[PDB]
Amino acid sequence: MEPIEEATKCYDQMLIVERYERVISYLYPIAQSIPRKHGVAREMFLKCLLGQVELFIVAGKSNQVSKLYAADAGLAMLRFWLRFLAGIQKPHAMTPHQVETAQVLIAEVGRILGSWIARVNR
Amino acid sequence: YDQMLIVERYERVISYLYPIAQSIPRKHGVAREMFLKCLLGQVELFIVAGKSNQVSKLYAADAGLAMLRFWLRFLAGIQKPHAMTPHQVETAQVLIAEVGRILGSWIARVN
Amino acid sequence: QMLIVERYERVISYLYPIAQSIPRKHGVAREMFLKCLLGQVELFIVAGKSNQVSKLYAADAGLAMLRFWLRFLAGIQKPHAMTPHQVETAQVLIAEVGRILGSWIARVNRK
Amino acid sequence: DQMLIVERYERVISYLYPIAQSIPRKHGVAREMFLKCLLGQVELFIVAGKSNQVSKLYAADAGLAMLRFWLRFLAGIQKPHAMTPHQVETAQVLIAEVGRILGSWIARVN
Amino acid sequence: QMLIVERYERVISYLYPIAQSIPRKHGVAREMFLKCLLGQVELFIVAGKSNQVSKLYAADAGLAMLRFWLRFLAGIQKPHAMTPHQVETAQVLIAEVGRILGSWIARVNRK
Amino acid sequence: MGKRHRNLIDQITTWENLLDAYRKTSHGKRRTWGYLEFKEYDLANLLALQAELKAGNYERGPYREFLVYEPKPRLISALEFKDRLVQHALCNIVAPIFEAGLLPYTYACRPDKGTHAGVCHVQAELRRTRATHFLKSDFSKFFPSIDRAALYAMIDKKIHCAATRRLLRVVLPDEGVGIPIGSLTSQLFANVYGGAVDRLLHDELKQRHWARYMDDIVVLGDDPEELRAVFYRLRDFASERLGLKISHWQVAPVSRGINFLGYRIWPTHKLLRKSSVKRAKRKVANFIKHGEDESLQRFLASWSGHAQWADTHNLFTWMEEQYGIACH
RNA sequence: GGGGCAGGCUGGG
RNA sequence: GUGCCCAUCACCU
RNA sequence: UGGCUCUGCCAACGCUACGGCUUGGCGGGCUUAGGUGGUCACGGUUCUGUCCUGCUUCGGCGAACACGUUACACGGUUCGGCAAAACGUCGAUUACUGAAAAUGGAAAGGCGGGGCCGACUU
Ligand SMILES: Nc1ccn([C@H]2C[C@H](O)[C@@H](COP(=O)(O)OP(=O)(O)OP(=O)(O)O)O2)c(=O)n1
Ligand SMILES: [Mg+2]
């Protein structure tokens, strides 16, 4: 059968994305819980959250470390969004527990991105 | 050939997915807009690819196809309202796979 | 440039009415089509100043994407928005701006 | 200098933003894109001034050019009239003033 | 310098409440202001992952644009005006981030 | 179930099964190249697999054979994810028509029976019966000596679906003498195979107090001469019929302790095995003088499960006194 | 003499 | 690599 | 999801090509599984302590401090009674049907306990 091959198979992009999918799967529900007001914040958060997948993916296929650092910047911005959604959003958006859970998941993707940046950097 | 063929095969993806992507509820509106920008914007990735033959351009056509498959996974996962039924992901993945094949052959032909 | 844009203005003036006829249902497709249509002017303009051929090929890609939008709006959009005739007429106008873009590409890569 | 151009462009915005909010919902995408062109050119100027590459000073010119396009486009967009011909004339004068300053600035850098 | 982000984050904490406040009427300005405000974090972040002064000047441009947004949102008229106080009492916050950005630009410029 | 079993390839390739097979194959493996290369076009992949199986054109990719020494010198042959999914899709229809014939007291790779339900069965069956003696036996090189041929005379009095049969025979050829270790398919067929000796214990031989866990077979008695008979009968059977040599056997009085399944099971206590202790003791000590006293809590929690069964109160006190760490 | 435990020293890692 | 248990983590019934 | 290229009405930031548009209210329309670990099925040599050096049914099992090798107390690892049924298994891919068991197809019976029913505990 031989599984339908994508071109430019990168382990690191595949792994990172599967692990980041867990971030999305955690955060997307709570990005959608952000009230109507805080809709622009939400749309921007969702574009950060769901759009980091593209950052990873493009990093994977176009092997250029620039794109890997862009992925890191995005993860950094996502970490900002957690801070923002917790603190600055006034109703609630993200319970302290949720930030603690999300940060763990993002940290896992952080690890993998770091390792990937490193293996490419050599 | 190549760009023309890929796009005509990808048009089938669009023709399948655009209806699906227009059905995604406003609740999942950012996901939808981003999925539509992924779906209808892959045509630009193909178009740029066959206007250069820079093989990096056909790899970012692959990245786009990869992102499109992410969107399928994601839209099948979202369970608030709901979107892409599992069947739709299956059907779409087959079509995207056909575009994938052609992209692969094209990557190879350039190699 | 100036003449490309004045010729593309005719595309816009033909297509924008067509793009506004696309029903609410296909509103995201419309917004995306209009951003392709009305936003190609920026592509032309930015090439006009920054004459780098990179910027000129992006203009070509945009025209190509606009041609895709014609195909898409004629058929893949389910109430086929653009009638086949409209695609034919639009393609003539786009072809005229295509010619000028081609000549401009050629003028730039003279050496 | 960025400060001068921006203060003169603020007058464009102050003239056009009211007018660009009056563009009918029918022409809603054109409007939002025109507003994003109008308030949005400020960023083009500002980036040009807080750095320097002259490409940024061209991108500011491109933006002014696009803004001019939007005026001509919105003037006679359809039966729902967006921008009256007079408004285009008045706006074009203001944009021309910022055009002049941009031109002089491009030249002073060149 | 990541006190930058954490001193900017009080700009955000001051400006975001009143940016969510901007009515639908001023909706494009709002979206663009919010994208300026919340998106300056990315400008800082990119600056700090590179320490290239280009990215540091882009961060400055963003702060400059944010200052523009304050002056713009002031004279937006009707009961929706960013009150003169808030323009000044945010200009103070942005100025603090400005100072740190300046020092950071300098630290990089005189390596 | 009426016997028969004549249309399993229809259920094996039901999409709803292959999706279960998929989720079972990927469970835990979701950071592997196999999952991640399959996950891409997962449902298009399963549609070409469903329809390879449904056609009879499935062919098992070669076993990638490595070997680890950390547990014990093994011979671990891995499979491609596609192949482990086909195996999981077989062993979802085919496993429960074998694992249902498996007598109660086989404790290996069958749901709701484990290592720990075995040691408990043994202890228990040791307490009741007031067993005086016991035969413990073991099969030499079990998997590498399974007939793959008289195996398919058991995979074949039960499958009766002549296409499941041909998929079983792709996933595991019907010729040779070596069921591959590191196949789901093979854990099953080894229990099934060694199920033949259970049915020469319980059926023939009328032995009612035993336990088999894969290749190890405890057989509590009361007359140690009978248990020696039983053993001779078992060995003769499993040699002549199954081509299994018995590596070690003994007929001990219940007093030496039945070194069964990681424990040493007297009627009354159930000390674990010194290896386990020493491995753990050393693991703990290492963790302490590695500054890894936080993964040690994970390990400790783990070993506190392997030892909650065993009479490891004194030993848990002892390890708490030596290092302080919260064992239980 | 052999053997188990914990440390010597050397490889694997 | 395969299964069985253990722990912990999310996550709703 | 601060929607709607969406209407009715009413106002007024405003803008009008004087038609409207916009914008604001105001109604209606459209809108358990998973993750991560970790158990069970790296040695080599001399040295220094330290301890063990039993058993065997001859297969092997041990031992050398888990030290009462054991929380010396049990886990529902309980105790009875059954074994009709269902389950398992042999009968059997048999009888039978039908050219052929061909992706039909039993049973009587035999064997189990895995099952059942109480008690007591869980
Ligand atoms: N890491 C492992 C170890 C064992 N097994 C399986 C296959 C084995 O055949 C079976 C029984 O385990 P044993 O420890 O008894 O090993 P063998 O059966 O190969 O015989 P022996 O122990 O005599 O070498 O468990 C496994 O899948 N993975
Ligand atoms: Mg063995």
### Query
Of these, F:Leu188, F:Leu135, which one is closer than 25 Å to F:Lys54 by Cα and not small (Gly, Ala, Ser)?
F:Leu188
### Query
Do we have F:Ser255 as away from chain A (no Cβ under 14 Å), part of a loop (DSSP other than H, G, I, E, B), farther than 30 Å from F:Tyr152 by Cα and more than 16 Å from ligand 2 (Cβ to nearest atom) here?
yes
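Would you say F:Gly221 is in contact with a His (Cβ under 8 Å, 6 or more places away or on another chain) and within 16 Å of ligand 2 (Cβ to nearest atom)? Outline the logic, then answer.
Details: in contact with a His (Cβ under 8 Å, 6 or more places away or on another chain): yes; within 16 Å of ligand 2 (Cβ to nearest atom): no.
Answer is no for this residue.
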### Query
Does the stretch F:14-28 contain at least one residue that is closer than 19 Å to A:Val17 by Cα, within 16 Å of ligand 1 (Cβ to nearest atom) and assigned to a loop (DSSP other than H, G, I, E, B)?
yes
### Message
I'd like the residue in the stretch F:66-82 that is surrounded by 12 or more Cβ atoms within 10 Å (Cβ to Cβ) and charged (D, E, K, R) and, out of all such residues, is farthest from RNA strand H (Cβ to nearest atom).
### Response
F:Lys82
### Query
What are the residues in the stretch E:1-50 that are away from chain D (no Cβ under 14 Å) and either among the polar types (S, T, N, Q) or not in a helix (DSSP H, G or I) (or both), if any?
E:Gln1, E:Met2, E:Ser13, E:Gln20, E:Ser21, E:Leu38, E:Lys49, E:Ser50
#### Entry: Pairs where the first residue, in the stretch F:3-30, is touching a residue at least 40 places away in the same chain (Cβ under 8 Å) and the second is outside any loop (DSSP other than H, G, I, E, B) and small (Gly, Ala, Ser), C-beta under 6 Å, 6+ apart
F:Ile12/F:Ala89; F:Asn17/F:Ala89; F:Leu18/F:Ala89; F:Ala21/F:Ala89
## Note on the structure
Expected output for the stretch F:224-244 (first residue without any contact (Cβ under 8 Å) to a residue 40 or more places away in the chain, partner surrounded by 15 or more Cβ atoms within 10 Å (Cβ to Cβ), Cβ below 8 Å, 6+ apart or cross-chain) is F:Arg233/F:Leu200; F:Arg233/F:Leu205; F:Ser239/F:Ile246
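Considering only residues that are part of a helix (DSSP H, G or I) and either within 7 Å of RNA strand I (Cβ to nearest atom) or touching a residue at least 12 places away in the same chain (Cβ under 8 Å) (or both), which ones fall in the stretch F:269-288? Reasoning before the result, please.
Let us first name the residues in the stretch F:269-288 that are part of a helix (DSSP H, G or I), namely F:274-288.
Answer for the stretch F:269-288, where residues must be part of a helix (DSSP H, G or I) and either within 7 Å of RNA strand I (Cβ to nearest atom) or touching a residue at least 12 places away in the same chain (Cβ under 8 Å) (or both): F:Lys274, F:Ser275, F:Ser276, F:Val277, F:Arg279, F:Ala280, F:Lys281, F:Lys283, F:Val284, F:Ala285, F:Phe287, F:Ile288.
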### Message
I need the full set of residues from the stretch B:7-66 which are more than 7 Å from every other protein chain (Cβ to nearest Cβ), over 14 Å from B:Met84 (Cα atoms), in contact (Cβ under 8 Å) with a residue 40 or more places away in the chain and not hydroxyl-bearing (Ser, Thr, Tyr), in order please.
### Response
B:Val7, B:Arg9, B:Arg12, B:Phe46, B:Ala49, B:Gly50, B:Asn53, B:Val55, B:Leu58, B:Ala61
### Message
Quick check on D:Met83: is it over 15 Å from D:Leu102 (Cβ atoms) and within 9 Å of another protein chain (Cβ to nearest Cβ)?
### Response
no
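Yes/no matrix, rows are residues, columns are (1) of a type in the set (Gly, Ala, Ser); (2) more than 11 Å from the chain's Cα centre (by Cα):
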{"residue": "E:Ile12", "(1), (2)": "no, no"}
{"residue": "E:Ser50", "(1), (2)": "yes, yes"}
{"residue": "E:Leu66", "(1), (2)": "no, no"}
{"residue": "E:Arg71", "(1), (2)": "no, yes"}
{"residue": "E:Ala74", "(1), (2)": "yes, yes"}
{"residue": "E:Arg110", "(1), (2)": "no, yes"}
### Query
Which one is nearest to the other protein chains (Cβ to nearest Cβ) among residues in the stretch F:148-170 that are surrounded by fewer than 21 Cβ atoms within 10 Å (Cβ to Cβ) and more than 9 Å from RNA strand I (Cβ to nearest atom)?
F:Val170
### Task
Count, please, the residues in the stretch F:249-271 that happen to be of a type in the set (D, E, K, R), over 15 Å from F:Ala211 (Cα atoms) and buried (at least 17 other Cβ atoms within 10 Å of the Cβ).
1
#### Entry: Per-region count, the stretch F:275-328, residues acidic (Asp, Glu) and touching a strand residue (DSSP E or B) at 6+ places or on another chain (Cβ under 9 Å)
1
### Task
Find all pairs meeting these conditions: Cβ atoms under 6 angstrom apart; at least six residues apart or on different chains; first residue within the stretch D:88-110 and without any contact (Cβ under 8 Å) to a residue 60 or more places away in the chain; second residue among the aliphatic types (A, V, I, L, M) and not in a helix (DSSP H, G or I).
D:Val88/D:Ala75; D:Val109/D:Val54
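Within the stretch F:271-288, identify whether any single residue is at positive phi and out of contact with any helix residue (DSSP H, G or I) (no Cβ under 7 Å at 6 or more places or on another chain), and answer yes or no.
Let us first name the residues in the stretch F:271-288 that are at positive phi, namely none.
No, that holds for no residue.
Just checking, how many residues over the stretch F:304-321 are free of Cβ contacts under 8 Å to residues at least 24 places away in the same chain and within 16 Å of RNA strand G (Cβ to nearest atom)?
Summing the residues that are free of Cβ contacts under 8 Å to residues at least 24 places away in the same chain and within 16 Å of RNA strand G (Cβ to nearest atom) in the stretch F:304-321 gives 2.
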### Message
Considering only the stretch F:245-254, I want to know if a residue exists there that is free of Cβ contacts under 8 Å to residues at least 24 places away in the same chain and away from RNA strand H (no atom under 16 Å from the Cβ).
### Response
no
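Quick one: which residue in F:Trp309, F:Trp303, F:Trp266 is within 30 Å of F:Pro224 (Cβ to Cβ), touching a helix residue (DSSP H, G or I) at 6+ places or on another chain (Cβ under 9 Å), of a type in the set (A, V, I, L, M, F, W, C) and within 12 Å of RNA strand H (Cβ to nearest atom)? Spell out how you get there, then give the answer.
Values: F:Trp303 fails: within 30 Å of F:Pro224 (Cβ to Cβ); F:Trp266 fails: within 12 Å of RNA strand H (Cβ to nearest atom).
Checking each option against the conditions leaves just F:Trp309.
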### Task
Could you pull out the residue among C:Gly102, C:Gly62, C:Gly98 that is of a type in the set (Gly, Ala, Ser), farther than 17 Å from C:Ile12 by Cβ and either assigned to a helix (DSSP H, G or I) or in contact with a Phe, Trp or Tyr (Cβ under 7 Å, 6 or more places away or on another chain) (or both)?
C:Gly102
### Message
Which pairs turn up if I take residues in the stretch C:1-20 that are surrounded by 15 or more Cβ atoms within 10 Å (Cβ to Cβ) and look for partners that are small (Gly, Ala, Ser) with beta carbon separation below 6 Å, at least 6 apart in sequence or on another chain?
### Response
C:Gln1/C:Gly48; C:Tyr14/C:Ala90; C:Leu15/C:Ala90
### Message
Anything in the stretch F:23-47 that is hydroxyl-bearing (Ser, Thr, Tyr) and closer than 22 Å to B:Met67 by Cα? List them, or say none.
### Response
F:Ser26, F:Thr32, F:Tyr35, F:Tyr41
### Summary
Of the candidates F:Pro73, F:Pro62, the one satisfying the condition of being away from RNA strand I (no atom under 14 Å from the Cβ) and either in a loop (DSSP other than H, G, I, E, B) or not charged (D, E, K, R) (or both) is F:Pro62
### Task
Please go through the stretch C:68-104 and pick out each residue that is touching a helix residue (DSSP H, G or I) at 6+ places or on another chain (Cβ under 6 Å), within 11 Å of chain B (Cβ to nearest Cβ) and free of Cβ contacts under 8 Å to residues at least 40 places away in the same chain.
C:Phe68, C:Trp69, C:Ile76
### Query
Mind checking which residues of the stretch F:121-159 are in contact with a strand residue (DSSP E or B) (Cβ under 9 Å, 6 or more places away or on another chain), of a type outside the set (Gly, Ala, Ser) and either part of a helix (DSSP H, G or I) or away from ligand 1 (no atom under 16 Å from the Cβ) (or both)?
F:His121, F:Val122, F:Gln123, F:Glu125, F:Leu126, F:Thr132, F:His133, F:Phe134, F:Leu135
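As a convention, Cβ positions derive from the backbone with ideal geometry for all residues, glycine included, and neighbour counts pool all protein chains shown. None of the figures in this text is laboratory data; all of them are computed from the coordinates on show.
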